[PDB]
Amino acid sequence: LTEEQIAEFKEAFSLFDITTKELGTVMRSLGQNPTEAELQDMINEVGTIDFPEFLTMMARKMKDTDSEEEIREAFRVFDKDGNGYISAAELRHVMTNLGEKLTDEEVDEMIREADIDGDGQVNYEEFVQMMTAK
Amino acid sequence: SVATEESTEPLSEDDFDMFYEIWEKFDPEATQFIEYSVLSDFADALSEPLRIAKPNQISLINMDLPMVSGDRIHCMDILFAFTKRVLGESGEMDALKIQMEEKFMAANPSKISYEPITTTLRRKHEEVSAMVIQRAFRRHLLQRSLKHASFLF
Amino acid sequence: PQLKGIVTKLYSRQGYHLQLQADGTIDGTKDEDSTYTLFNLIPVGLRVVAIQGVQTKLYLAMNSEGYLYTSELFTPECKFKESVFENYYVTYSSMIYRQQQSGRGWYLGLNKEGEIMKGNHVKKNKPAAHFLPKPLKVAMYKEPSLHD
Ligand SMILES: [Mg+2]
Ligand SMILES: [Mg+2]
Ligand SMILES: [Mg+2]
């Protein structure tokens, strides 16, 4: 974290001198709207949180955002009609024919997870969240 | 100076001279190729108007830039796409590239630099994107596998 | 071994692999496990290639009427200009034949059914002309001798 970054984080933290529901409010003042489940995960990776732990939580959240964005943008390349959906067949084709090709067993598993409702369509934002859940 | 109806501005011999000067910085052995991973730097290093200043990925990926194995781009393809960016799109343009290739061939005794097209910048971009997804999925699976293993504890 | 080419399949956007059979017929096939679908892509000039079936040793050629055929001997009809359309596809056209007056090239192409098309019915901006090399390996080639 840069000094510039720590400054902004101290600023937001100071405004709520911290409770668990207080964190929710702090996150809101940083423009985020995490679900309660999301908030619990952030807390767990570390009901009162010390500053230096907030910094650690913020650093981690920004890293997570980056990787979420990287994967989302990677999917966007293949959603050529820009509707947020990629057909399971196309996903299967891309995964087995490009890059570090997935095996048949790996790709079967991907489709099992990526197309839960089994309609032959993948909501890739959904699947991005699944892969970044941990 | 050369100018067309579609040109952002005219080009002169100095621009083409400048082009080779910069080329030799990236291709000191005059192999006639640069690796695609320095193309962005090369494009940014030219003088205006041939220059494509960073960020320049979008412009580059929109150009016809064929890549020989592996991930190597010929100076002639680069030269043509960059000058077309400036001079603008035209009918003759496609025919003009064929003629340029012929003139380059007649002047060039070094035949070793001729290699067939294998891929493109855009295709490479898709390979990279697929790998981002593949890596994410393998990380996901491995995290899961260890997770299941640890349950027994 | 003076030329640096590739051993490769040529995948057609129409959903076929180009194929040059033992009997000399050219077409597209769904059989992703065929010896024939193998080609030597040999550079014979700047963005000029010869396309040769590995199993048959025949060269693809286009005659003065736009018809593609196979040639045992390497001739000027065996040279293809290689170009990319939209930065996503590779197109191969006659070096010497062309739409008279129109100035439009004549291209190697397959139709929706995987059938070989007349060179002058194939347009660079149409799916039929759209190929993608699927390279196996880099290979050195002795230069073919030009005949007539
Ligand atoms: Mg879509
Ligand atoms: Mg549904
Ligand atoms: Mg679905």
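For the protein sequence lines, the chains are B, A and C, in the order given.
Those letters in the first sequence? Residues 5 to 21, 28 to 56, 62 to 149, per the entry's author numbering, in order.
Under the entry's author numbering, the first residue of the second sequence carries the number 1776, and numbering increases by one thereafter.
Under the entry's author numbering, the first residue of the third sequence carries the number 11, and numbering increases by one thereafter.
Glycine residues also receive a C-beta, built at the ideal position from the N, C-alpha and C atoms.
Query                                                                                                                                                                                    : Result
Go ahead and pull the three-state DSSP assignment for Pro86 (chain C).                                                                                                                   : helix
Can you tell me which of the three DSSP states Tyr21 (chain C) falls into?                                                                                                               : strand
To be precise: take each residue of the segment 112-132 of chain C, compare its Cβ to all Cβ atoms of chain A, and keep it if any distance is under 8 angstroms. Which residues remain?  : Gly113
Which residues in the same chain as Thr1893 (chain A) place their Cβ atom closer than 8 angstroms to its Cβ, once the five residues preceding and following it in sequence are excluded? : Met1842, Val1843, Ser1844 and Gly1845
Looking at the secondary structure, which residues open and close the alpha helix (DSSP H) in which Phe1928 (chain A) lies?                                                              : Note, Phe1928 (chain A): premise wrong, no alpha helix (DSSP H); not H, not E.
In chain order, what residues of the segment 1839-1861 of chain A put their CB closer than 7 angstroms to some CB of chain C?                                                            : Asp1839, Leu1840, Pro1841, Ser1844 and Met1851
Under 7 angstroms between beta-carbons, which chain B residues line up against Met1906 (chain A)? List them in chain order, please.                                                      : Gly114 and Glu115
Sorry if obvious, but does the Cβ on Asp132 (chain B) come closer than 6 angstroms to a heavy atom of ligand 2?                                                                          : yes
Starting from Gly34 (chain B), trace the alpha helix (DSSP H) in both directions and tell me its first and last residue.                                                                 : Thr30 to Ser39
Taking DSSP as the reference, what is the three-state secondary structure of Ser82 (chain B)?                                                                                            : helix
Indicate the three-state DSSP secondary structure (helix, strand or coil) for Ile126 (chain C) in the structure shown.                                                                   : strand
Any chance you could list the residues with Cβ under 5 angstroms from a heavy atom of ligand 1, keeping chain order?                                                                     : B:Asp94, B:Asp96, B:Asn98 and B:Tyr100
Can you check whether the C-beta of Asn73 (chain C) is within less than 7 angstroms of a C-beta belonging to chain A?                                                                    : no
For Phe1926 (chain A) and chain B, any beta-carbon pair shorter than 7 angstroms?                                                                                                        : no
How many Å lie between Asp43 (chain C) and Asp94 (chain B) at the Cα?                                                                                                                    : 30 angstroms
Between the segment 12-31 of chain C and the segment 131-150 of chain C, can you find at least three pairs of beta-carbon atoms closer than 8 angstroms?                                 : yes
Between which two residues does the alpha helix (DSSP H) holding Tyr100 (chain B) run?                                                                                                   : Element bounds for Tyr100 (chain B): not the alpha helix (DSSP H) but the beta strand (DSSP E), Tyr100 to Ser102.
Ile1797 (chain A) and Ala1828 (chain A): beta carbons closer than 7 angstroms?                                                                                                           : no
Taking 7 angstroms as the threshold (beta carbon to beta carbon), is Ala1818 (chain A) in contact with chain B?                                                                          : no
Which of helix, strand or coil does DSSP assign to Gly1866 (chain A)?                                                                                                                    : helix
So which residues of chain A does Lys149 (chain B) contact, with C-beta pairs closer than 7 angstroms?                                                                                   : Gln1918
Tell whether a beta-carbon distance below 7 angstroms holds between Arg1897 (chain A) and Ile1836 (chain A).                                                                             : yes
Per the contact definition of three or more C-beta pairs closer than 8 angstroms, is the segment 91-104 of chain C in contact with the segment 1874-1893 of chain A?                     : yes
Going by C-alpha distance, which of C:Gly25, C:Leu30, C:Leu13 and C:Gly38 is nearest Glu125 (chain C)?                                                                                   : C:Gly38
Given this structure, state the Cα-to-Cα distance separating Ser104 (chain C) from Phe1912 (chain A), to the nearest angstrom.                                                           : 45 angstroms
Helix, strand or coil, according to DSSP, for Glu153 (chain C) in the structure here?                                                                                                    : coil
Verify the contact flag: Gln136 (chain B), CB atom, against every heavy atom of ligand 3, threshold strictly below 6 angstroms.                                                          : yes
Span of the beta strand (DSSP E) holding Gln136 (chain B)?                                                                                                                               : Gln136 to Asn138
Roughly how many angstroms lie between the CA atoms of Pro154 (chain C) and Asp1802 (chain A), to the nearest whole one?                                                                 : 30 angstroms
Can you give the beta carbon distance from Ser82 (chain B) to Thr147 (chain B), rounded, assuming they're within the 8 angstroms contact cut?                                            : 6 angstroms
Rounding to the nearest angstrom, what Cα-Cα distance links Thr1779 (chain A) and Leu56 (chain C) in this structure?                                                                     : 26 angstroms
Can you grab the Cα-Cα spacing for the pair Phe1817 (chain A) / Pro11 (chain C), in whole Å?                                                                                             : 32 angstroms
How would you call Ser1904 (chain A), buried or exposed, if buried means at least 16 neighbouring beta carbons within 10 angstroms?                                                      : buried
Please return the same chain residues whose Cβ sits closer than 8 angstroms to the Cβ of residue 162 (chain C), not counting the five positions on each side in sequence.                : In this structure chain C extends from 11 to 158, so residue 162 (chain C) is not present and cannot be described.
Residues in the same chain with beta-carbon distance under 8 angstroms from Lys134 (chain C), minus the five sequence neighbours each way, listed in chain order, please.                : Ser93, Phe95, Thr101, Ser103, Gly115 and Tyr117
How far does the alpha helix (DSSP H) with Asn1837 (chain A) in it extend, from its first residue to its last?                                                                           : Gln1832 to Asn1837
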